[PDB]
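Notes for the one structure printed next.
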Amino acid sequence: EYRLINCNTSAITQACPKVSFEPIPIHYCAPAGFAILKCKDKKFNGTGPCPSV
Amino acid sequence: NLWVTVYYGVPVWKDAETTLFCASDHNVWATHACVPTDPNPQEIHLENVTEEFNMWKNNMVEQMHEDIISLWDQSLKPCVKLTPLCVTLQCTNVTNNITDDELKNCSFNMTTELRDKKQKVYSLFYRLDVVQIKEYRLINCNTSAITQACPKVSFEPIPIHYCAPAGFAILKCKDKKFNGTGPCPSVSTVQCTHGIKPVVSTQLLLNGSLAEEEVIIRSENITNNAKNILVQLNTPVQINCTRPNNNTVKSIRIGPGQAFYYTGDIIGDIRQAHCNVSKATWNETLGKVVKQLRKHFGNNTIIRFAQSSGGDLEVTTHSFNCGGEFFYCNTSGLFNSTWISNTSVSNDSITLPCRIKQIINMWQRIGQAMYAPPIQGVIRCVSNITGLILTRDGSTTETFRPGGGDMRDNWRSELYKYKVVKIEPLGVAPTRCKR
Amino acid sequence: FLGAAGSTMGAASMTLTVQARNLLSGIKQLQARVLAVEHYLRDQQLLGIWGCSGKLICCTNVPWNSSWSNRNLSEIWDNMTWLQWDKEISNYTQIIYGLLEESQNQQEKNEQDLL
Amino acid sequence: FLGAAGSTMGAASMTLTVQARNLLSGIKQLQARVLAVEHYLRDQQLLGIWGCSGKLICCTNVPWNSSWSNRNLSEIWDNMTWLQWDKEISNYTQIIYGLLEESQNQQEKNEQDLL
Amino acid sequence: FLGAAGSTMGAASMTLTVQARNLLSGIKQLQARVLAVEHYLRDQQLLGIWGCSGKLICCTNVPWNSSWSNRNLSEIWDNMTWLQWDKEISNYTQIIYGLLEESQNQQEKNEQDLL
Ligand SMILES: *[C@@H]1O[C@H](CO)[C@@H](O[C@@H]2O[C@H](CO)[C@@H](O[C@@H]3O[C@H](CO[C@H]4O[C@H](CO)[C@@H](O)[C@H](O)[C@@H]4O)[C@@H](O)[C@H](O[C@H]4O[C@H](CO)[C@@H](O)[C@H](O)[C@@H]4O[C@H]4O[C@H](CO)[C@@H](O)[C@H](O)[C@@H]4O)[C@@H]3O)[C@H](O)[C@H]2NC(C)=O)[C@H](O)[C@H]1NC(C)=O
Ligand SMILES: *[C@@H]1O[C@H](CO)[C@@H](O[C@@H]2O[C@H](CO)[C@@H](O[C@@H]3O[C@H](CO)[C@@H](O)[C@H](O[C@H]4O[C@H](CO)[C@@H](O)[C@H](O)[C@@H]4O)[C@@H]3O)[C@H](O)[C@H]2NC(C)=O)[C@H](O)[C@H]1NC(C)=O
Ligand SMILES: *[C@@H]1O[C@H](CO)[C@@H](O[C@@H]2O[C@H](CO)[C@@H](O[C@@H]3O[C@H](CO)[C@@H](O)[C@H](O)[C@@H]3O)[C@H](O)[C@H]2NC(C)=O)[C@H](O)[C@H]1NC(C)=O
Ligand SMILES: *[C@@H]1O[C@H](CO)[C@@H](O[C@@H]2O[C@H](CO)[C@@H](O)[C@H](O)[C@H]2NC(C)=O)[C@H](O)[C@H]1NC(C)=O
Ligand SMILES: *[C@@H]1O[C@H](CO)[C@@H](O[C@@H]2O[C@H](CO)[C@@H](O)[C@H](O)[C@H]2NC(C)=O)[C@H](O)[C@H]1NC(C)=O
Ligand SMILES: *[C@@H]1O[C@H](CO)[C@@H](O[C@@H]2O[C@H](CO)[C@@H](O)[C@H](O)[C@H]2NC(C)=O)[C@H](O)[C@H]1NC(C)=O
Ligand SMILES: *[C@@H]1O[C@H](CO)[C@@H](O[C@@H]2O[C@H](CO)[C@@H](O)[C@H](O)[C@H]2NC(C)=O)[C@H](O)[C@H]1NC(C)=O
Ligand SMILES: *[C@@H]1O[C@H](CO)[C@@H](O[C@@H]2O[C@H](CO)[C@@H](O)[C@H](O)[C@H]2NC(C)=O)[C@H](O)[C@H]1NC(C)=O
Ligand SMILES: *[C@@H]1O[C@H](CO)[C@@H](O[C@@H]2O[C@H](CO)[C@@H](O)[C@H](O)[C@H]2NC(C)=O)[C@H](O)[C@H]1NC(C)=O
Ligand SMILES: *[C@@H]1O[C@H](CO)[C@@H](O)[C@H](O)[C@H]1NC(C)=O
Ligand SMILES: *[C@@H]1O[C@H](CO)[C@@H](O)[C@H](O)[C@H]1NC(C)=O
Ligand SMILES: *[C@@H]1O[C@H](CO)[C@@H](O)[C@H](O)[C@H]1NC(C)=O
Ligand SMILES: *[C@@H]1O[C@H](CO)[C@@H](O)[C@H](O)[C@H]1NC(C)=O
Ligand SMILES: *[C@@H]1O[C@H](CO)[C@@H](O)[C@H](O)[C@H]1NC(C)=O
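Right under this line is the structure:
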């Protein structure tokens, strides 16, 4: 006798065979009244006072 | 020669049908989903505002009744459904090798984690949660769906502050001795109320606010008998309650990851749940009440008391929560007294018989059935007495009975001090300007 | 926020500057901040039509008709407080609201355009 | 609410005082009162930049360029109604919107600061 | 939208006319356009109380107290840029906000009513 691997505690669920698990890229936009900022500067150590922006 | 001007004046004091939100403060059923509570030291006292309340007609009570039922149902969602157990349960009395005589040892079949494999176990139940058909059906499989509550949340009253929406105002009189309504002269405003506790019971409020000096009887129409007469108490009374059963709670899994708890066995001292009331404290209470009911019925009246008439024990006896257990306690030794003619009318503890149920119907919403998970250890909870409900039944003699049943009267009992006003800041007062 | 609305008259108009800066500052709670922001809008909708464009305690040029409870408007100006006088003039609000747009705001708006 | 938009011209501007007081007065219906309140805002956003701060039927000091369908602006002012002339000037709106902020509102705003 | 906030001072106030016309133009995304429209409101709530009713780069009549980092206010006006000076005056904002409503807006508002 072989049990399924998750019937300790779960509920098995099939995914619908029409959708794709492909990464379809997401642009983000700010809400109306804020602003998205980015530095084009180079070689951060994670943080950094980036001059050009 | 008058020329009208336009202002932004203060008098806006109209009726406020409105919405409202909370300011409460673990994922216990209130969920802290309100706001962080401000220290709000802004009871801004006002000078000489003749304003009359109407505690019987406001939407604050109507919303509060709508909020908690929706909120408590929201905690009931992710829990286990658990309706495979509505099967042909068969039981017997609890066996004790021999003796004389509230428990049933029940033969019982059930599914397992796998779909086909069955499970013959046994458990214990009370009297009022099972019915004869020897075959014993559950008490609610007429028409319901049994639902377990999740054993991590608490049924404790965690107090809720209320705050007005941005543009309205919460008003309260600090004045004294309303007859329910009243043109209270002194008044202060707040943006945010004080903390009020989510308690629920009938025939006796508990853990509530206290009075000012005396009893404050509250009603609409004392000459009407169909009202629910509210009684505010000056001095609180200690109520100790217990379920003195050392009890073992076991756990099983009914299916694919659905745990379930049941009363396995008790260690051996079969007792009955009860509550002590200090005797001499209680007689000192009732003398205050008849002192005021002379003033509202007559100098030569006989004040009688009796128990509830009938109906369900939810209507009849004292509904009572305690520490994750939902008691039902008979209160016949509390209204066996008759006060006569309104003219010359210790170290003891009366004790009430209290029962235990597990299958509840909260706010009479038929179809919803919540299960009580039994808990291990013993039970102790202490509470004040603050609020009472009496009912004038239909000579100057008069009998009162402990009424109840609507939980709206419980929230109206502790929200009569408030009103909400809409704001329309526009004043048009003429002077002599012209230009 | 609020204060002194009870026992004064006209001197309450001295302190009509705290009465706005604290004003306006799931789904069931989201009815708030909609009708809350519909208010301060729908009056200032018509307040720009009154002629007084911003916050000035200001006078128009439309006449006060004396049919509207002509009672000692220098005397009742200071002693007899608001919330009493407001009920006296509660009946005549809509009619003034037709006179806010016809006197100054039909004639006088099209008289500065002559130049 | 609305009326006389059909057959008149300029005399419709006499009655531009009812056209605002009735204006702006689940989730699928809650898109309303958001874009409904985003409107009356985003124009009055730029209407304060026009110089005319409140409701005045008002004139600026920027020139009407006569390249923008110069057709008898005393004659067509009264006879030929709106919704015809609007299509004539439908093309030149964005360019005026650059001239609302440069003529009066780059020069003349920083000329009262000289004193 | 934004630009030249970095290296200039005062000449950035020349171009404070693009900074508003692009500004403000399920449930989780519907928190936007509520606090987004609560902003531009709650400042213009108090901006009408400042006295400057619309958009004018304008002066009041309340004094600048010189206790608030009196440092060469003709010299630092042009050279030393914003976001530096703002931290210098970050401490004294609330106190000016009491002086926006008392100097011009308690006295001077009830001085044009004398006539
Ligand atoms: C009217 O108002 C009064 C007070 O104003 C109120 O009384 C209070 O009731 C609550 C709940 O009934 C009491 O809180 C419980 O107290 C017990 C006892 O704790 C004491 O003893 C332990 C050890 O002896 C000390 O550590 C502690 O500091 C106290 O001295 C606690 O055991 C309870 O905590 C458990 O239960 C909670 C809810 O299940 C959990 O959140 C908590 O983490 C604990 O859980 C643990 O134990 C459980 C045991 O079964 C177990 O199931 C869990 O998984 C976990 O292991 C709880 O704090 C409080 O003491 C009362 N206070 C007073 C002064 O009487 C009344 O309840 C109120 N009336 C009504 C109707 O509500
Ligand atoms: C499991 O235990 C429960 C209780 O723990 C038990 O239910 C009780 O059974 C007894 C006996 O059948 C019932 O007792 C009756 O009670 C009334 C009033 O209390 C008495 O007057 C009755 O006496 C008359 O009837 C008898 C019937 O034969 C006569 O013999 C007698 O002489 C009298 O005429 C009688 O004692 C009691 O009502 C129930 N309880 C309830 C709530 O119904 C149950 O029987 C036990 N299970 C089994 C299988 O025995
Ligand atoms: C309900 O239960 C509580 C406690 O569970 C009871 O409170 C206890 O009351 C007794 C007397 O009423 C107190 O005893 C006295 O204490 C003083 C102080 O030291 C002592 O000097 C006296 O000689 C006497 O022993 C006891 O301290 C108190 N305990 C607590 C925790 O408050 C209460 O009385 C019970 N009420 C009823 C109606 O049963
Ligand atoms: C579910 O049941 C299985 C039964 O095999 C458990 O699997 C083993 O459990 C032990 C003890 O935790 C581990 O040492 C083994 O490594 C587990 N085997 C595998 C293949 O993982 C499993 O732990 C159970 N899960 C739960 C949550 O009880
Ligand atoms: C569900 O079935 C039970 C079967 O016993 C019913 O219980 C009794 O019904 C009669 C008639 O209404 C009452 O006089 C008894 O008092 C009931 N017994 C108890 C213990 O309550 C019950 O009424 C049925 N419910 C419905 C809705 O049909
Ligand atoms: C309180 O309720 C009672 C009855 O519910 C009202 O009593 C009635 O009063 C009128 C005139 O006083 C009598 O003609 C009726 O016969 C009375 N009703 C009965 C059933 O006898 C009483 O008016 C109510 N009080 C108030 C203040 O409304
Ligand atoms: C209910 O009856 C059952 C009858 O089986 C009792 O279960 C047995 O109890 C004895 C000792 O108490 C154990 O040795 C057996 O192993 C139990 N049987 C099973 C199948 O587990 C049970 O104790 C009774 N309930 C109570 C509360 O006494
Ligand atoms: C609560 O306790 C009282 C104790 O008196 C019970 O009332 C008695 O019930 C019997 C039959 O039901 C009557 O003959 C007596 O006259 C009743 N006495 C009184 C004072 O009412 C009552 O049944 C109990 N209620 C519950 C729900 O247990
Ligand atoms: C029941 O009410 C009494 C009111 O006298 C409470 O007793 C006081 O409560 C306040 C605030 O809750 C405390 O600051 C005092 O120290 C308490 N005094 C005493 C002597 O205890 C009492 O706390 C209430 N009961 C419960 C369980 O809260
Ligand atoms: C990383 O950069 C920070 C400043 O952004 C600086 O304080 C820190 O010393 C740097 N660390 C290293 C290892 O360069
Ligand atoms: C429980 O199931 C078994 C077989 O699965 C059966 O023999 C027994 O009678 C059932 N118990 C009851 C109370 O029906
Ligand atoms: C209760 O108060 C109201 C005013 O609030 C009054 O009209 C009524 O007569 C009072 N009734 C009694 C019994 O005092
Ligand atoms: C109940 O009995 C068990 C032994 O079966 C014991 O361990 C436990 O401490 C008892 N409960 C209490 C509260 O003492
Ligand atoms: C309560 O006490 C009074 C005297 O203090 C007494 O007259 C009365 O009978 C007592 N109550 C009862 C129900 O006995």
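Just so you know, the sequences run in chain order A, B, C, D and E.
First residue of the first sequence? That's 103 in this note's numbering, and the numbers climb one at a time after it.
First residue of the second sequence? That's 24 in this note's numbering, and the numbers climb one at a time after it.
First residue of the third sequence? That's 312 in this note's numbering, and the numbers climb one at a time after it.
First residue of the fourth sequence? That's 312 in this note's numbering, and the numbers climb one at a time after it.
First residue of the fifth sequence? That's 312 in this note's numbering, and the numbers climb one at a time after it.
Quick reminder that beta carbons are idealized off the backbone N, C-alpha and C, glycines included.
Considering only residues of the region 151-197 of chain B, which uninterrupted beta strand (DSSP E) runs meet the minimum length of 3 residues and lie entirely inside it, listed in chain order? 153-155, 159-161, 168-171 and 192-195
Leaving out five residues on either side along the sequence, give the residues of the same chain with a beta carbon under 7 Å from the beta carbon of B/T286. The residues are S146, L147, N270, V272 and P397.
Return yes when at least one heavy atom of ligand 6 lies under 7 Å from the C-beta of B/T246, else no. yes
beta-carbon B/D288 near ligand 7 non-hydrogen atom, thresh 7 Å: yes
Between the beta-carbon of E/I360 and the beta-carbon of E/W379, is there less than 8 Å? One thing to note: E/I360 has its Cβ no nearer than 8 Å to the Cβ of E/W379.
Once you ignore the five residues that flank B/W305 on each side, which residues in its own chain have a CB closer than 8 Å to its CB? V260, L357 and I373
Whole angstroms is fine: what's the gap from residue 497 of chain D's alpha carbon to C/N416's? Since the displayed chain D opens at 312 and closes at 426, residue 497 of chain D lies outside it and no answer follows.
Hey, quick one: how far does the beta strand (DSSP E) through B/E74 stretch, first residue to last? Start and end: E74 to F76.
B/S406 Cβ short of 7 Å to ligand 8 heavy atom set: no
Which residue or residues does DSSP assign as beta-bridge partners of C/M320? Paired residue(s): none; C/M320 is not in a bridge.
Just the chain D side, please: which residues come within less than 8 Å of C/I360 by C-beta, in chain order? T328, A331, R332 and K366
Hey, does E/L335 have any beta-carbon neighbour from chain A nearer than 8 Å? yes
Answer with yes or no whether the minimum CB distance from C/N402 to chain B is below 8 Å. no
Mind listing the chain B neighbours of C/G317? Cutoff is C-beta to C-beta under 7 Å, in chain order. What C/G317 touches in chain B, judged by beta-carbon distance under 7 Å, is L69, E70, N71 and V72, going in chain order.
Based on the DSSP output, what are the partners of B/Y145 in its beta bridges? B/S130
Could you say which of A/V121, A/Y104, A/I138 and A/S122 lies nearest to A/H129 if we only look at CA atoms? Between A/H129 and the set A/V121, A/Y104, A/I138 and A/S122, the nearest pair of CA atoms involves A/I138.
Can you list, in chain order, the residues of its chain whose CB lies under 7 Å from that of B/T204, leaving out five sequence neighbours each side? In the same chain as B/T204, and ignoring 5 residues on each side of it, the C-beta atoms closer than 7 Å to its own belong to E75, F76, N77 and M78, in chain order.
Give me the DSSP bridge partner(s) of B/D38. B/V444
Check B/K302 in the structure and name its three-state DSSP category. helix
On the premise that C/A343 lies in contact with B/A189, defined as a C-beta separation below 8 Å, what is that separation, rounded to the nearest angstrom? Indeed they touch by this definition, with Cβ atoms about 7 Å apart.
State yes or no: is the C-beta of B/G280 within less than 8 Å of the C-beta of A/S112? yes
When you compare each of E/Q423, E/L357, E/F312 and E/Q356 to E/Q330 by their alpha carbons, which one comes out closest? E/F312
Neighbour-count burial assignment, B/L256, 16 or more Cβ in a 10 Å radius: buried
Give a yes or no on whether 8 Å exceeds the smallest Cβ distance from E/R353 to chain D. no
I need the boundaries of the beta strand (DSSP E) containing B/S274, first residue and last residue. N270 to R276
Just curious, the alpha helix (DSSP H) that C/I407 is in, first and last residue? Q405 to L410
Contact set between C/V348 and chain E, taken where Cβ atoms lie within less than 9 Å: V345, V348, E349 and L352
Which residues in chain A have a C-beta closer than 7 Å to the C-beta of B/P279? List them in chain order. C109, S112 and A113
B/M87 - containing beta strand (DSSP E), residue span: Taken as a continuous stretch (DSSP letters only), B/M87 belongs to no beta strand (DSSP E), being part of the alpha helix (DSSP H) at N82 to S98.
Under the criterion of a Cβ to heavy atom distance below 7 Å, does B/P180 qualify as lining ligand 9? Exclusion of B/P180 from the 7 Å shell around ligand 9 follows from its C-beta lying no nearer than that to any non-hydrogen atom of the ligand.
Using a Cβ-Cβ distance cut-off of 8 Å, determine whether A/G150 contacts chain E. no
Could you tell me the distance, in whole angstroms, from the CA atom of B/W362 to the CA atom of B/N322? Distance between the alpha carbons of B/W362 and B/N322: 12 Å.
Boundaries (first-last residue) of the beta strand (DSSP E) holding B/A392: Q391 to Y394
Quickly, what does DSSP pair B/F350 with across the bridge? List them, please. DSSP, once it has assigned bridges, lists B/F343 and B/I379 as partnering B/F350.
For C/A322, decide whether its Cβ has a neighbour in chain B, counting only Cβ atoms nearer than 8 Å. no
Within chain A, the residues that E/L410 reaches when beta carbons sit closer than 9 Å: Below the 9 Å Cβ cutoff, chain A contributes no neighbours of E/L410, its closest Cβ being approximately 28 Å away.
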